[PDB]
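Below is structure_33.csv, which holds CSV, N, CA and C atoms.
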```csv
chain,number,residue,atom,x,y,z
A,1,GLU,N,84.8,111.1,123.2
A,1,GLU,CA,86.2,111.4,123.1
A,1,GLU,C,86.9,110.7,122.0
A,2,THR,N,86.5,109.5,121.7
A,2,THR,CA,87.0,108.7,120.5
A,2,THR,C,86.7,109.5,119.2
A,3,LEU,N,85.5,110.0,119.1
A,3,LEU,CA,85.1,110.7,117.9
A,3,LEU,C,85.9,112.0,117.8
A,4,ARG,N,86.1,112.7,119.0
A,4,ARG,CA,86.9,113.9,119.0
A,4,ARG,C,88.4,113.6,118.6
A,5,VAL,N,88.9,112.5,119.0
A,5,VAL,CA,90.3,112.2,118.7
A,5,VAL,C,90.4,111.8,117.2
A,6,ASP,N,89.5,110.9,116.8
A,6,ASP,CA,89.5,110.4,115.4
A,6,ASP,C,89.3,111.5,114.4
A,7,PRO,N,90.3,111.8,113.5
A,7,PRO,CA,90.1,112.8,112.5
A,7,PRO,C,89.3,112.4,111.2
A,8,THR,N,89.0,111.1,111.1
A,8,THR,CA,88.3,110.7,109.9
A,8,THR,C,86.9,111.2,109.8
A,9,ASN,N,86.4,111.4,108.6
A,9,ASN,CA,85.1,112.0,108.4
A,9,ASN,C,84.1,110.9,107.8
A,10,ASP,N,84.5,110.2,106.8
A,10,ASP,CA,83.6,109.3,106.1
A,10,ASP,C,84.2,107.9,106.0
A,11,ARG,N,83.6,107.0,105.3
A,11,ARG,CA,84.1,105.6,105.2
A,11,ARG,C,85.3,105.5,104.4
A,12,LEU,N,85.5,106.4,103.4
A,12,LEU,CA,86.6,106.4,102.5
A,12,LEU,C,87.9,106.7,103.3
A,13,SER,N,87.8,107.8,104.2
A,13,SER,CA,89.0,108.1,105.0
A,13,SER,C,89.3,107.0,106.0
A,14,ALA,N,88.3,106.3,106.5
A,14,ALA,CA,88.5,105.2,107.4
A,14,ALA,C,89.2,104.0,106.7
A,15,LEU,N,88.8,103.7,105.4
A,15,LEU,CA,89.4,102.7,104.7
A,15,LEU,C,90.9,103.0,104.3
A,16,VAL,N,91.1,104.3,104.0
A,16,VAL,CA,92.5,104.8,103.7
A,16,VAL,C,93.4,104.6,104.9
A,17,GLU,N,92.9,105.0,106.1
A,17,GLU,CA,93.7,104.9,107.3
A,17,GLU,C,94.0,103.4,107.6
A,18,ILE,N,93.0,102.5,107.4
A,18,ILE,CA,93.2,101.1,107.7
A,18,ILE,C,94.2,100.5,106.7
A,19,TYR,N,94.1,100.9,105.4
A,19,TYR,CA,95.1,100.5,104.5
A,19,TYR,C,96.5,101.0,104.7
A,20,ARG,N,96.6,102.2,105.2
A,20,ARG,CA,97.9,102.8,105.6
A,20,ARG,C,98.5,102.1,106.8
A,21,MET,N,97.6,101.7,107.8
A,21,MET,CA,98.1,101.0,108.9
A,21,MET,C,98.5,99.6,108.6
A,22,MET,N,97.8,98.9,107.8
A,22,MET,CA,98.1,97.5,107.5
A,22,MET,C,99.4,97.3,106.8
A,23,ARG,N,99.6,98.1,105.7
A,23,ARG,CA,100.8,98.0,104.9
A,23,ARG,C,101.3,99.5,104.6
A,24,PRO,N,102.1,100.0,105.5
A,24,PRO,CA,102.6,101.4,105.3
A,24,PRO,C,103.6,101.4,104.1
A,25,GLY,N,103.9,102.6,103.6
A,25,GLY,CA,104.8,102.9,102.5
A,25,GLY,C,104.2,102.6,101.2
A,26,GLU,N,102.9,102.4,101.2
A,26,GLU,CA,102.2,102.1,99.9
A,26,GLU,C,101.0,103.1,99.7
A,27,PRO,N,100.9,103.7,98.5
A,27,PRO,CA,99.8,104.6,98.3
A,27,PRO,C,98.5,103.9,98.5
A,28,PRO,N,97.5,104.5,99.2
A,28,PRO,CA,96.2,103.9,99.4
A,28,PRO,C,95.3,104.1,98.3
A,29,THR,N,94.7,103.1,97.8
A,29,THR,CA,93.7,103.1,96.7
A,29,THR,C,92.3,102.6,97.2
A,30,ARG,N,91.2,103.1,96.7
A,30,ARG,CA,89.9,102.7,97.2
A,30,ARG,C,89.6,101.2,96.9
A,31,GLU,N,89.9,100.7,95.7
A,31,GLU,CA,89.6,99.4,95.3
A,31,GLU,C,90.4,98.4,96.1
A,32,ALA,N,91.7,98.6,96.2
A,32,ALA,CA,92.5,97.6,96.9
A,32,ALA,C,92.2,97.6,98.4
A,33,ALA,N,92.0,98.8,99.0
A,33,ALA,CA,91.6,98.8,100.4
A,33,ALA,C,90.3,98.1,100.6
A,34,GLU,N,89.3,98.3,99.8
A,34,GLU,CA,88.0,97.7,99.9
A,34,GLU,C,88.2,96.2,99.8
A,35,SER,N,88.9,95.7,98.8
A,35,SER,CA,89.1,94.3,98.6
A,35,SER,C,89.9,93.7,99.8
A,36,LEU,N,90.9,94.4,100.4
A,36,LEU,CA,91.6,93.8,101.5
A,36,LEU,C,90.7,93.8,102.8
A,37,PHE,N,89.8,94.8,103.0
A,37,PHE,CA,88.9,94.8,104.1
A,37,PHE,C,87.9,93.8,104.0
A,38,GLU,N,87.5,93.4,102.7
A,38,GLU,CA,86.5,92.4,102.5
A,38,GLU,C,87.1,91.0,102.7
A,39,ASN,N,88.3,90.8,102.3
A,39,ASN,CA,89.0,89.5,102.4
A,39,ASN,C,89.6,89.2,103.7
A,40,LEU,N,89.9,90.2,104.5
A,40,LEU,CA,90.5,89.9,105.8
A,40,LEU,C,89.5,89.3,106.8
A,41,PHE,N,88.3,89.9,106.9
A,41,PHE,CA,87.3,89.5,107.9
A,41,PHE,C,86.0,88.9,107.3
A,42,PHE,N,85.6,89.5,106.1
A,42,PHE,CA,84.3,89.1,105.5
A,42,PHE,C,84.5,88.0,104.5
A,43,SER,N,85.5,87.2,104.6
A,43,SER,CA,85.8,86.1,103.7
A,43,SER,C,85.5,84.8,104.4
A,44,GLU,N,84.7,83.9,103.7
A,44,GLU,CA,84.4,82.6,104.3
A,44,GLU,C,85.6,81.7,104.4
A,45,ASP,N,86.3,81.6,103.2
A,45,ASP,CA,87.4,80.7,103.2
A,45,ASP,C,88.6,81.2,103.9
A,46,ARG,N,88.6,82.4,104.4
A,46,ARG,CA,89.8,83.0,105.1
A,46,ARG,C,89.4,83.2,106.6
A,47,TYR,N,88.2,83.7,106.9
A,47,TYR,CA,87.9,84.0,108.3
A,47,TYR,C,86.7,83.1,108.7
A,48,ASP,N,87.0,82.1,109.4
A,48,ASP,CA,86.0,81.2,110.0
A,48,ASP,C,86.6,80.4,111.1
A,49,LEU,N,86.0,80.5,112.3
A,49,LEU,CA,86.6,79.9,113.5
A,49,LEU,C,86.2,78.5,113.7
A,50,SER,N,84.9,78.2,114.0
A,50,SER,CA,84.4,76.9,114.2
A,50,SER,C,82.9,77.0,114.5
B,1,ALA,N,99.4,113.2,89.8
B,1,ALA,CA,99.3,112.4,90.9
B,1,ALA,C,100.6,111.7,91.3
B,2,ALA,N,101.6,112.6,91.4
B,2,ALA,CA,103.0,112.1,91.7
B,2,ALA,C,103.5,112.8,93.0
B,3,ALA,N,103.4,114.1,93.2
B,3,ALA,CA,103.9,114.7,94.4
B,3,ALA,C,103.0,114.4,95.6
B,4,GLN,N,101.7,114.3,95.4
B,4,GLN,CA,100.8,114.0,96.6
B,4,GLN,C,101.1,112.6,97.1
B,5,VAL,N,101.3,111.7,96.2
B,5,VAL,CA,101.5,110.3,96.6
B,5,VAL,C,102.8,110.2,97.4
B,6,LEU,N,103.9,110.8,96.9
B,6,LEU,CA,105.2,110.8,97.5
B,6,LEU,C,105.1,111.4,98.9
B,7,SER,N,104.4,112.6,99.0
B,7,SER,CA,104.2,113.3,100.3
B,7,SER,C,103.5,112.4,101.3
B,8,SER,N,102.4,111.8,100.8
B,8,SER,CA,101.6,110.9,101.7
B,8,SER,C,102.4,109.7,102.2
B,9,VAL,N,103.2,109.1,101.3
B,9,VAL,CA,104.0,108.0,101.7
B,9,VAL,C,105.1,108.4,102.7
B,10,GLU,N,105.8,109.5,102.4
B,10,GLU,CA,106.8,110.0,103.3
B,10,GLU,C,106.2,110.4,104.7
B,11,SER,N,105.0,110.9,104.7
B,11,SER,CA,104.3,111.2,106.0
B,11,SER,C,103.8,110.0,106.7
B,12,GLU,N,103.5,108.9,106.0
B,12,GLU,CA,103.0,107.7,106.6
B,12,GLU,C,104.0,106.7,107.0
B,13,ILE,N,105.2,106.7,106.4
B,13,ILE,CA,106.3,105.8,106.7
B,13,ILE,C,106.8,106.1,108.1
B,14,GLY,N,106.6,105.2,109.1
B,14,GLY,CA,107.1,105.3,110.4
B,14,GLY,C,108.5,104.6,110.5
B,15,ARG,N,109.5,105.1,109.8
B,15,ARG,CA,110.8,104.6,109.8
B,15,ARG,C,110.8,103.1,109.3
B,16,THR,N,110.0,102.8,108.3
B,16,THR,CA,109.9,101.5,107.8
B,16,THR,C,111.0,101.2,106.8
B,17,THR,N,111.6,100.0,106.9
B,17,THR,CA,112.8,99.6,106.1
B,17,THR,C,112.5,98.5,105.2
B,18,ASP,N,111.3,98.5,104.6
B,18,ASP,CA,110.8,97.5,103.7
B,18,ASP,C,111.3,97.9,102.3
B,19,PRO,N,112.2,97.1,101.6
B,19,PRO,CA,112.6,97.5,100.3
B,19,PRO,C,111.5,97.3,99.2
B,20,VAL,N,110.5,96.4,99.5
B,20,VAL,CA,109.5,96.2,98.5
B,20,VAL,C,108.6,97.4,98.4
B,21,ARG,N,108.2,98.1,99.5
B,21,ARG,CA,107.4,99.3,99.5
B,21,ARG,C,108.2,100.4,98.8
B,22,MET,N,109.5,100.5,99.1
B,22,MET,CA,110.3,101.6,98.4
B,22,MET,C,110.3,101.4,96.9
B,23,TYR,N,110.5,100.1,96.5
B,23,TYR,CA,110.5,99.9,95.0
B,23,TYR,C,109.2,100.2,94.4
B,24,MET,N,108.1,99.8,95.1
B,24,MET,CA,106.7,100.1,94.6
B,24,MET,C,106.5,101.5,94.5
B,25,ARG,N,107.0,102.3,95.5
B,25,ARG,CA,106.8,103.8,95.4
B,25,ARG,C,107.6,104.4,94.3
B,26,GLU,N,108.9,103.8,94.1
B,26,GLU,CA,109.7,104.4,93.0
B,26,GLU,C,109.2,104.0,91.6
B,27,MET,N,108.5,102.9,91.5
B,27,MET,CA,107.9,102.5,90.2
B,27,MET,C,106.5,102.9,90.0
B,28,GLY,N,105.8,103.3,91.1
B,28,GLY,CA,104.4,103.7,91.0
B,28,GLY,C,104.1,105.1,90.5
B,29,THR,N,105.2,105.9,90.3
B,29,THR,CA,105.0,107.3,89.9
B,29,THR,C,104.7,107.3,88.4
B,30,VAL,N,105.5,106.5,87.6
B,30,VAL,CA,105.3,106.5,86.1
B,30,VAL,C,104.1,105.7,85.8
B,31,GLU,N,103.3,106.3,84.9
B,31,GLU,CA,102.0,105.7,84.4
B,31,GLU,C,102.3,104.9,83.2
B,32,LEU,N,101.3,104.4,82.5
B,32,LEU,CA,101.4,103.6,81.3
B,32,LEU,C,100.9,104.4,80.1
B,33,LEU,N,101.5,104.1,78.9
B,33,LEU,CA,101.1,104.7,77.6
B,33,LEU,C,101.0,103.5,76.7
B,34,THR,N,99.7,103.1,76.5
B,34,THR,CA,99.5,101.9,75.7
B,34,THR,C,99.2,102.2,74.3
B,35,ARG,N,99.9,101.5,73.4
B,35,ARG,CA,99.8,101.6,71.9
B,35,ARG,C,100.2,103.0,71.4
B,36,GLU,N,100.7,103.9,72.3
B,36,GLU,CA,101.1,105.2,71.9
B,36,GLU,C,102.5,105.6,72.5
B,37,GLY,N,102.9,105.0,73.6
B,37,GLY,CA,104.2,105.5,74.2
B,37,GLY,C,105.4,104.7,73.7
B,38,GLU,N,105.2,103.3,73.7
B,38,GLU,CA,106.3,102.5,73.2
B,38,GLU,C,106.7,102.8,71.8
B,39,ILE,N,105.7,103.0,70.9
B,39,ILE,CA,106.0,103.3,69.5
B,39,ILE,C,106.8,104.6,69.4
B,40,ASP,N,106.4,105.7,70.2
B,40,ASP,CA,107.2,106.9,70.1
B,40,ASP,C,108.6,106.7,70.7
B,41,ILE,N,108.8,105.9,71.7
B,41,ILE,CA,110.1,105.6,72.3
B,41,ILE,C,110.9,104.9,71.3
B,42,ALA,N,110.4,103.9,70.6
B,42,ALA,CA,111.1,103.2,69.6
B,42,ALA,C,111.5,104.1,68.4
B,43,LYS,N,110.6,105.0,68.0
B,43,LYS,CA,110.9,106.0,66.9
B,43,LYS,C,112.0,106.9,67.3
B,44,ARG,N,112.0,107.4,68.6
B,44,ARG,CA,113.1,108.2,69.1
B,44,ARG,C,114.4,107.5,69.1
B,45,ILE,N,114.4,106.2,69.6
B,45,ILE,CA,115.6,105.4,69.6
B,45,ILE,C,116.1,105.2,68.2
B,46,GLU,N,115.3,105.0,67.2
B,46,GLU,CA,115.7,104.8,65.8
B,46,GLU,C,116.3,106.1,65.3
B,47,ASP,N,115.7,107.2,65.6
B,47,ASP,CA,116.2,108.5,65.2
B,47,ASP,C,117.6,108.8,65.8
B,48,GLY,N,117.8,108.4,67.1
B,48,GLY,CA,119.1,108.6,67.7
B,48,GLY,C,120.1,107.7,67.0
B,49,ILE,N,119.7,106.5,66.7
B,49,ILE,CA,120.6,105.5,66.0
B,49,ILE,C,121.0,106.1,64.6
B,50,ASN,N,120.0,106.6,63.9
B,50,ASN,CA,120.3,107.2,62.6
B,50,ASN,C,121.2,108.4,62.7
B,51,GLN,N,121.0,109.3,63.8
B,51,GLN,CA,121.9,110.4,64.0
B,51,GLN,C,123.3,109.9,64.3
B,52,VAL,N,123.5,108.9,65.1
B,52,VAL,CA,124.8,108.3,65.4
B,52,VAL,C,125.4,107.8,64.1
B,53,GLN,N,124.6,107.1,63.3
B,53,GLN,CA,125.2,106.6,62.0
B,53,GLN,C,125.6,107.7,61.1
B,54,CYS,N,124.8,108.8,61.0
B,54,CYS,CA,125.2,110.0,60.2
B,54,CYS,C,126.5,110.6,60.7
B,55,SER,N,126.6,110.7,62.1
B,55,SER,CA,127.8,111.3,62.7
B,55,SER,C,129.1,110.4,62.3
B,56,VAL,N,128.9,109.1,62.3
B,56,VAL,CA,130.0,108.2,62.0
B,56,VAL,C,130.3,108.3,60.5
B,57,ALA,N,129.3,108.4,59.6
B,57,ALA,CA,129.5,108.6,58.2
B,57,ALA,C,130.3,109.9,57.9
B,58,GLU,N,130.0,111.0,58.7
B,58,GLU,CA,130.7,112.2,58.5
B,58,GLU,C,132.1,112.1,59.1
B,59,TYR,N,132.4,111.0,59.8
B,59,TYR,CA,133.8,110.8,60.4
B,59,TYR,C,134.4,109.7,59.5
B,60,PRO,N,135.2,110.0,58.5
B,60,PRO,CA,135.7,109.0,57.6
B,60,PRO,C,136.8,108.1,58.2
B,61,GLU,N,137.3,108.4,59.4
B,61,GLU,CA,138.3,107.6,60.0
B,61,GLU,C,137.8,106.3,60.4
B,62,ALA,N,136.5,106.2,60.8
B,62,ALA,CA,135.9,104.9,61.2
B,62,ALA,C,135.8,104.0,60.0
B,63,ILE,N,135.4,104.6,58.9
B,63,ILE,CA,135.3,103.8,57.6
B,63,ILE,C,136.6,103.4,57.2
```

So that I can check it, write out the structure of this file as structure tokens.
Amino acid sequence: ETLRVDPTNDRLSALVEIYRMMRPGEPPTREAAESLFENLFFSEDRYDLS
Amino acid sequence: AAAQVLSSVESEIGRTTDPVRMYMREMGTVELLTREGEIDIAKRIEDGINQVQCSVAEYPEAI
């Protein structure tokens, strides 16, 4: 049901949707969205609990 | 790449009142012309200034 509701097709559309959700009112670009997705969670100096 | 960007932004904005995003959208439509646009703009400005100077010279009351 989640796949049926989700209209995205590939990773690019997913990154575009994530970038539009994070900061709306901004045109989504591939490089900036990829950098944001890599720095929000896949960053050692930014994402590390204990 | 101007109309599609504006349409996508207007369809994505959920009544957002952020002036920074509005300014970035208003300034993001115009692209850059490096080493070729500023020179033409300056040349057109100088041509307009020369036209104004010629119009003033044809108007002897200013002199």

| request: Report as a ChimeraX atom specification the set of chain A residues whose atoms approach chain B to within 6.5 Å, with distances computed over all atoms listed in the file. | output: /A:24-27

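Within 10 Å of stretch 35-45 of chain A, once only C-alpha atoms are used and residues closer than 2 positions along the same chain are dropped, the contacting residues are residues 15, 18, 19, 22, 30, 31, 32, 33, 47, 48 and 49 of chain A.
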
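When atom N of residue B:41 is paired with atom C of residue B:56, their separation reads 24.4 Å.
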
| said: If DSSP is run on the backbone, what residues of chain A are alpha helix (DSSP H)? A reply as a list in words would be ideal. | reply: residues 2, 3, 4, 5, 11, 12, 13, 14, 15, 16, 17, 18, 19, 20, 21, 22, 30, 31, 32, 33, 34, 35, 36, 37, 38, 39 and 40 of chain A

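Distance-wise, atom CA of residue B:3 and atom CA of residue B:27 end up 13.5 Å apart.
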
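The two atoms in question, atom CA of residue A:1 and atom CA of residue A:16, are spaced 21.4 Å apart.
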
Only N, CA and C atoms, as a compact mmCIF listing (two decimals), in the first residue's frame: that is what I want for stretch 6-25 of chain B.
```
# COMPACT_ATOMS: atom_id res chain seq x y z
N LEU B 6 9.22 28.00 -11.66
CA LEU B 6 8.18 28.78 -10.99
C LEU B 6 6.94 27.94 -10.72
N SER B 7 6.54 27.12 -11.69
CA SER B 7 5.37 26.27 -11.50
C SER B 7 5.60 25.26 -10.38
N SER B 8 6.78 24.63 -10.36
CA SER B 8 7.07 23.65 -9.31
C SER B 8 7.10 24.30 -7.94
N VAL B 9 7.67 25.51 -7.85
CA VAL B 9 7.73 26.19 -6.56
C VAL B 9 6.33 26.58 -6.10
N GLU B 10 5.51 27.12 -7.00
CA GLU B 10 4.15 27.51 -6.63
C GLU B 10 3.30 26.30 -6.27
N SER B 11 3.59 25.13 -6.86
CA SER B 11 2.85 23.93 -6.50
C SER B 11 3.38 23.29 -5.23
N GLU B 12 4.62 23.59 -4.84
CA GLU B 12 5.20 22.99 -3.65
C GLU B 12 4.99 23.85 -2.41
N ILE B 13 4.90 25.17 -2.57
CA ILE B 13 4.74 26.06 -1.42
C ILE B 13 3.39 25.80 -0.76
N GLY B 14 3.42 25.32 0.48
CA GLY B 14 2.21 25.13 1.26
C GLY B 14 1.90 26.33 2.13
N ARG B 15 1.61 27.47 1.49
CA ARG B 15 1.35 28.73 2.19
C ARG B 15 2.54 29.14 3.06
N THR B 16 3.74 28.96 2.53
CA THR B 16 4.96 29.33 3.24
C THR B 16 5.19 30.83 3.11
N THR B 17 5.55 31.47 4.23
CA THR B 17 5.77 32.91 4.29
C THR B 17 7.24 33.23 4.57
N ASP B 18 8.15 32.48 3.97
CA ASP B 18 9.57 32.72 4.16
C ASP B 18 10.07 33.70 3.09
N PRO B 19 10.50 34.91 3.47
CA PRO B 19 10.97 35.86 2.45
C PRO B 19 12.26 35.43 1.77
N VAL B 20 13.09 34.62 2.44
CA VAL B 20 14.35 34.20 1.85
C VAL B 20 14.09 33.32 0.63
N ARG B 21 13.15 32.38 0.75
CA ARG B 21 12.83 31.51 -0.37
C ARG B 21 12.21 32.30 -1.52
N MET B 22 11.37 33.29 -1.20
CA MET B 22 10.79 34.13 -2.24
C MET B 22 11.87 34.91 -2.98
N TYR B 23 12.83 35.47 -2.23
CA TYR B 23 13.92 36.21 -2.86
C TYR B 23 14.78 35.29 -3.72
N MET B 24 15.06 34.08 -3.24
CA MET B 24 15.86 33.14 -4.02
C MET B 24 15.14 32.72 -5.29
N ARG B 25 13.81 32.59 -5.22
CA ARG B 25 13.04 32.27 -6.43
C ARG B 25 13.04 33.43 -7.40
```
